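Only one chain is included here, represented as structure tokens and corresponding to the form deposited in one PDB entry.
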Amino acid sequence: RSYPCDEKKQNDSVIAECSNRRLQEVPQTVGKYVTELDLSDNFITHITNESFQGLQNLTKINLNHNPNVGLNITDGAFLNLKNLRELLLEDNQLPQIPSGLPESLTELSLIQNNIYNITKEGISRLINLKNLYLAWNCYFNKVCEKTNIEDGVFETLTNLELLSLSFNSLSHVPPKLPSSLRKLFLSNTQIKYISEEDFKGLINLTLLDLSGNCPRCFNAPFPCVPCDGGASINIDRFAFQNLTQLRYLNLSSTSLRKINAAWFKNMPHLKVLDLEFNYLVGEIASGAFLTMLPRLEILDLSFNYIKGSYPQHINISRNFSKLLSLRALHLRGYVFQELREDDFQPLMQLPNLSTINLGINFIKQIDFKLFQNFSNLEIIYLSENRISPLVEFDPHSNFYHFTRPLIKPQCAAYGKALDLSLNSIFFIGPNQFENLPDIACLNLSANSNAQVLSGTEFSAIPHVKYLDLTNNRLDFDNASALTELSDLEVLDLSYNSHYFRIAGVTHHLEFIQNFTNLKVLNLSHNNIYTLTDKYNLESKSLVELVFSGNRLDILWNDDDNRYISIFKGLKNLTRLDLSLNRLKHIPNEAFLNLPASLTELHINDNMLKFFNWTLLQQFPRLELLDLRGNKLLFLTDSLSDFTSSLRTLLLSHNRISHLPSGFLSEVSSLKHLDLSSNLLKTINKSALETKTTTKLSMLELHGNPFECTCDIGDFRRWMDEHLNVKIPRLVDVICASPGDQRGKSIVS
């Protein structure tokens, strides 16, 4: 097996992963046929022309974040690598562009360094460069020099498609840029003025990022320097006249008050326009520029609020009706009190508008009937408002917003999604969900809802398939709760412990049995320790129950038989999570009453000192058993007699100091065994060896206190004989003794 790297052939190329292995130098034991080498997050301090000596087929090298506790690179160190195309050298404290880089380079990343001069000696010979990243070298309150770009430095790069110079002090757009450019990033570069000459001849440019130039600095979560008097970026009327192929334009945080419509007259394919963190409330109301954007699919006008103004309504121009290709509209942080039906008339005839994002607007009232008149809304995102009852910075990420999905894909897969989470809908009245479309995914998480659901609250939206009611104070005091949602498949009641933790009040979970199609139920972190009248959970359909963060230590108290069959009635259950239940021991009768249909059982992060392995005989379909983070001291020596279906056995973070002789004899089905972070001093050959067919492909042993005397030789010989079983984190499978090998890996 390879060491220190994890070498894998996927598919024509051979990849070597040597990241985060505290390597002081590049290892001279890397496979000769490796093509892509990842040495990021190590303590490597020096690179010479001998560092990559016998690796002639090397096309990619990643030396990011080296050292971790600056990287010294000699001139022409990678010059013998005639096949090197991609070289990542980010966060290396490099003071200059390395001299003598190979002419074969197609991608070069020098992000997060101290490089303040872009010179011809450094990059003019790299005529094959397609992607060049020099972002985040001088920014924020970092002590750094102004970025000098030598005249015509990028001119010879006739194949350059991507150039990123963001988060550097430039002041001006660098002149003499190659016409082959497709993507030009100049975000946070202190460029206050864009003339007609700056983007001249860039007829192939599909993306231009000019965000953070003359930024809007009020309430900035980062060091922010505005232009003189909080002034706007000055973009000439003809600045984008040759940008005929532009698809992406980012003007976020450029302190814009006006959008010149003439900017888009020669830009017929503009698809994505970011105008977040500007002063465009006036332009949103009048919007002459909206008539010039027929192909636009994504428009972001978030956080354009006027400081000190909380208006009653949102003023949307009738020209929003000209955005025929619009798919998503982001209007977060506009800030207004009420959304009326007539306010969104300009968007109601757009055929592909599937997403409307109105989060963080402090909205108190909404006429929900307005969403019905839309052509085909699929995501109505109203999270984080004040709706009451109806009466450090990652350089390869978006700096001004999270690119994550608004709704969970598992919820949105069912159909129309309505997100009303993080609001104040503390009580759902009889007409709360009146006049809403056929909502399939509904999120009412964190609404301070302390009501007793009784089977009538969701009757106007009866086709909800995924319901999220997490982080509320729900009072489960009625057996008919949620039963009106006949087709409900996923129900999340996590973090509704308020009333469950009070013994004196009544608790009713009988409604679970009345669903014919309920598949997933999450009752996590509810502190459930007592139920009224019905002590059992029953369901002919339920497939998964998450019961983590409850009190099975109390429910399965030795002197109490009432909750002994609490899960037996879940006749179709395949996945059960009993983690975080403070279980010191599970009664044998309680374990025997778990559904026999179980394929995955999690009992991790409890306090189990013992586990009766014999009881696995009554679970003929158990594939995954997870007992991590317990206090188990012993393992059974005849697991084959108790199970013939177990594929994954997780036992990490326990107190197992001995692996029984013949532990894996005749098991056959076991593929993954995790014994990491236990107290194993050694592994005897007999504890792993087998006389039957073995499907063991993964064995984890990192974090065990291994005594590296000659007694560890039988295990090392076993490792050499069984290359098919992968032992991950081989550098963390460290010797604890003797002294002369205390920090070394087992392989030595």
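Residue indices: 1-based, along the sequence shown. Shifts are known only where both forms have a C-alpha. Take the two forms, superpose them, and find the largest set of C-alpha atoms that agree within 1.5 Å; that set is the rigid core.
Absent from the display: the form deposited in another entry. The rest refers to it.
Following superposition on the rigid core between the shown form and the other one, the residue from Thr45, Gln28, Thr692, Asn49 with a C-alpha displacement of 2 angstroms or more is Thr692, and no other.
When two forms of a protein are overlaid on their rigid core, residues whose CA moves 2 Å or more are considered shifted, and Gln365 is not one of them between the shown form and the other one. Once you line up the core between the shown form and the other one, the Cα of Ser597 stays within less than 2 Å of where it was. If you fit the rigid core between the shown form and the other one, you'll see the Cα of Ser665 move by 2 angstroms or more. Whereas the shown form places them at one spacing, the Cα atoms of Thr693 and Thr574 lie at least 3 Å farther apart in that other deposited form. Look at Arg621 and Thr693: in that other deposited form their Cα atoms move 3 Å or more farther apart than in this form.
Once the rigid core is aligned, the segments that move between the shown form and the other one, defined as three or more consecutive common residues whose C-alpha shifts all reach 2 Å, run 664 to 666, 688 to 695.
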